[PDB]
Amino acid sequence: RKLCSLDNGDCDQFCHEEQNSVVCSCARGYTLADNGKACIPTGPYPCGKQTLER
Amino acid sequence: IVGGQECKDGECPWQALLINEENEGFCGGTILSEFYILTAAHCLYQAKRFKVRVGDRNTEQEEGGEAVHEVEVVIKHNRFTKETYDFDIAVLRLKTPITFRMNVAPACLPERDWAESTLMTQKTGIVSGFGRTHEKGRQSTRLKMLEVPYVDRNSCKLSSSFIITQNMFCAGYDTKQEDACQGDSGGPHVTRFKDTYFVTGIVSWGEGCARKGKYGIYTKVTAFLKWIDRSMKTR
Amino acid sequence: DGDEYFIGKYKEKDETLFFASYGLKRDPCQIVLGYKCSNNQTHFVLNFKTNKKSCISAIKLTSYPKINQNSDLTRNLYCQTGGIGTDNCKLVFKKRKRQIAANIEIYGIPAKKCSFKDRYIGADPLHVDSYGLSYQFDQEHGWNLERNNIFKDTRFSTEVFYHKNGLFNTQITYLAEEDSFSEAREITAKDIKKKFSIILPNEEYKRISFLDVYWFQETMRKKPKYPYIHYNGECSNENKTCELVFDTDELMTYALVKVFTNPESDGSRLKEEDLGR
Ligand SMILES: *[C@@H]1O[C@H](CO)[C@@H](O[C@@H]2O[C@H](CO)[C@@H](O[C@@H]3O[C@H](CO)[C@@H](O)[C@H](O)[C@@H]3O)[C@H](O)[C@H]2NC(C)=O)[C@H](O)[C@H]1NC(C)=O
Ligand SMILES: *[C@@H]1O[C@H](CO)[C@@H](O)[C@H](O)[C@H]1NC(C)=O
């Protein structure tokens with residue numbers, strides 16, 4: 001994965017190239033996890049998804 | 001919005017309506033944050049005063065859960081011209097912090113570089129609203145949604161006979177009766193990426209409705225993000 | 001002298017249905033010829049229903065004494081259930097504090113062979129409309145302007161609805177210099193439904209370039225509900241027979257369409273600020 005242009009650079013949220021290296025970055029209500037692919041929610045109603053309760 | 005299919009509950013939660021003194025909607029808006037509303041510039045002129053309504057799946061009658069809020073201040077781009085319909089972006093600061101619940105949730109604004117690299121290079125996108133059901137017919141009382149693909153730049157400019165600015169881009173079918181009509185001013189356009197939803201454009205303009213060999217023009221939001229950012233801390 | 005209010009147009013070969021004079025302060029009315037009224041502080045309504053086979057043509061009201069107010073910017077006479085062409089309608093008039101008399105007359109014509117096309121079409125259809133005001137264009141684009149000295153109303157942006165002497169109006173599109181007049185079509189009251197349509201020809205040099213509709217109707221309250229007159233599908237060159245479809249919320253009683261023809265029209269013509277949602 002040289003650039004984030006290929007499948008979001010394996011990230012499930014924001015991606016960019018820092019020091020010519022693919023690095024992820026999350027949106028509000030999220031933070032980068034151990035693997036960094038998926039950002040775990042950190043809020044009651046995180047954005048980016050449709051609500052599903054009942 | 002002609003044709004398509006009615007939005008199912010829990011799939012279109014980022015919408016909001018603008019109501020006049022008679023309490024009838026005429027423009028839409030996107031819930032960007034707890035105080036922030038995105039709307040087209042031209043919606044600010046036909047109404048002297050207005051309020052915001054949220055959480056209504058049926059404009060004809062109340063069903064419970066709807067909320068009414070009062071506007072505080074409006075900000076508009078300094079280069080808006082009524083002739084070319086350019087810079088059709090407007091931000092609204094509200095008063096009461098909206099209470100998030102089911103069917104009421106904001107859509108996060110994505111970064112510009114990703115959006116131009118991947119999001120805008122995808123196949124299709126989703127629009128929604130309360131658009132009229134014909135060229136001059138009646139307005140629908142049920143929120144509706146529809147799907148539309150993108151169009152290449154060369155055909156985009158060759159389609160219409162008017163001038164096209166770099167701040168807005170076209171899309172739409174060729175002959176099938178799938179296109180949004182009047183009454184959807186300020187409506188949001190969203191893109192899907194691994195089930196994640198990102199706002200990309202606003203329904204800006206376009207002559208006629210479902211005309212043969214004609215495309216609709218949507219305002220390109222990705223090039224205004226810094227402006228949007230400079231409005232994140234205004235009042 | 002006294003002020004006057006009209007509904008319809010008068011012709012020199014019509015017989016009177018009835019003719020009466022009313023005071024406007026008594027309570028209740030005087031029952032004239034077994035009819036019914038109602039009088040209040042700000043309303044005067046009358047019920048009419050003829051017995052002979054006839055279709056009504058015109059109504060006229062005269063009020064004394066003269067008062068300082070023009071009589072064309074608002075609505076003062078309107079009848080609520082019926083109209084022109086149907087043998088009955090219920091008149092409603094709104095008074096002021098200084099009006100104390102009224103004179104009322106009604107004219108009609110034999111029911112079977114009565115049609116109103118010979119009056120509202122005029123003698124020079126290419127230069128004067130049914131209202132009487134002549135057309136006047138813009139010299140740099142050749143598109144007609146909007147007459148401004150009549151009661152006009154809008155529903156949303158980019159819409160117009162004129163009114164005068166109980167006759168409405170709606171112009172479909174814009175008009176050019178070199179248009180021609182082809183013909184006119186009329187629709188009587190026995191072919192009126194809640195939803196209907198009409199077929200017109202578009203063969204070669206009969207290309208439709210302008211349509212304006214004139215119609216009477218009823219109104220429950222002073223605020224009317226204009227019907228939806230949209231243009232079914234698209235009338236391009238290919239489809240020769242083109243249909244016009246109505247969608248009414250209240251029942252009309254008469255309609256009239258003045259087709260205009262221009263071979264040069266490409267089918268699309270719109271202003272530079274009308275176009276975007
Ligand atoms: C003096 O009399 C006039 C009529 O001669 C009154 O105007 C009419 O009043 C009636 C009764 O309120 C109205 O009917 C109402 O209409 C609603 C509309 O939804 C409907 O639910 C019912 O049919 C209801 O009865 C009527 O609209 C109104 N206007 C007319 C007939 O043109 C007037 O109100 C009277 N004056 C006073 C001070 O009451
Ligand atoms: C235009 O042609 C199409 C062809 O299918 C037809 O369905 C439509 O009714 C036509 N419209 C008019 C106004 O004639």
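Among the trypsin sites (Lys or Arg not before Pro) within segment C:56-107, those in coil by DSSP and having at most 12 neighbouring Cβ atoms inside 10 Å are C:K66, C:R96, C:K97, C:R98. For segment C:95-165, a Kirkwood hydrodynamic radius built from all Cα pairs, placed in the Stokes-Einstein relation at 37 °C and 0.692 mPa s, yields a translational diffusion coefficient of 197 µm²/s. Stokes-Einstein diffusion for chain C, with the hydrodynamic radius set to the Kirkwood value over Cα pairs and evaluated at 10 °C in a medium of 1.306 mPa s, equals 76 µm²/s. Averaged over peptide B:101-114, the number of partner chain Cβ atoms lying within 10 Å of each residue's Cβ comes to 5.
Peptide packing: for B:198-206, C:41-49, the average count of neighbouring Cβ atoms within 10 Å per residue gives the ranking B:198-206, C:41-49, highest mean first. Under 22 Å of direct C-alpha separation, and excluding same-chain neighbours fewer than eight residues apart, B:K95 reaches these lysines: B:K48, B:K51, B:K76, B:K233. Could you give log10 I(q)/I(0) at q = 0.22, 0.23 Å⁻¹ for segment C:30-110, computed by the Debye formula over C-alpha point scatterers of equal weight, without solvent? Debye curve over Cα of segment C:30-110, log10 I(q)/I(0) at q = 0.22, 0.23 Å⁻¹: -1.19, -1.28. Restricting the GluC sites (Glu not before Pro) of segment C:79-152 to loop positions (DSSP other than H, G, I, E, B) with no more than 16 neighbouring Cβ atoms within 10 Å leaves C:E140, C:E146. Summarising the amide proton neighbourhood of C:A58: residues at separation of 5 or more, or on other chains, whose placed amide H is nearer than 5 Å comprise C:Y107. Taken as Cα centroids, segment C:36-66 and segment A:5-54 sit 75 Å apart, rounded to the nearest whole angstrom. Taking all Cα pairs closer than 8 Å and separated by 6 or more residues, the relative contact order of chain A comes to 24 percent. When you restrict to C-alpha pairs under 8 Å that are six or more residues apart and normalise by the size of chain B, the relative contact order lands at 23 percent.
Over all alpha-carbon pairs in the protein assembly as shown, figure out the percentage whose distance exceeds 30 Å. Result: 61 percent of Cα pairs exceed 30 Å.
Each principal axis of the Cα cloud of chain A was evaluated for its coordinate range; sorted largest first, these ranges are 43, 17, 16 Å.
Each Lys and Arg contributes +1 and each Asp and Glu -1, all at the Cβ; summed about the Cα centre of the protein assembly as shown, the dipole is approximately 2200 debye.
Applying a DSSP loop filter and a limit of 13 other Cβ atoms within 10 Å to the GluC sites (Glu not before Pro) in segment B:1-105 leaves B:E21, B:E22, B:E24, B:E34, B:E60, B:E62, B:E63, B:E83.
Bear in mind these aren't lab numbers, they're just calculated from the coordinates by the rules spelled out. Neighbour counts run over all protein chains shown; Cβ positions are idealised from the backbone, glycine included.
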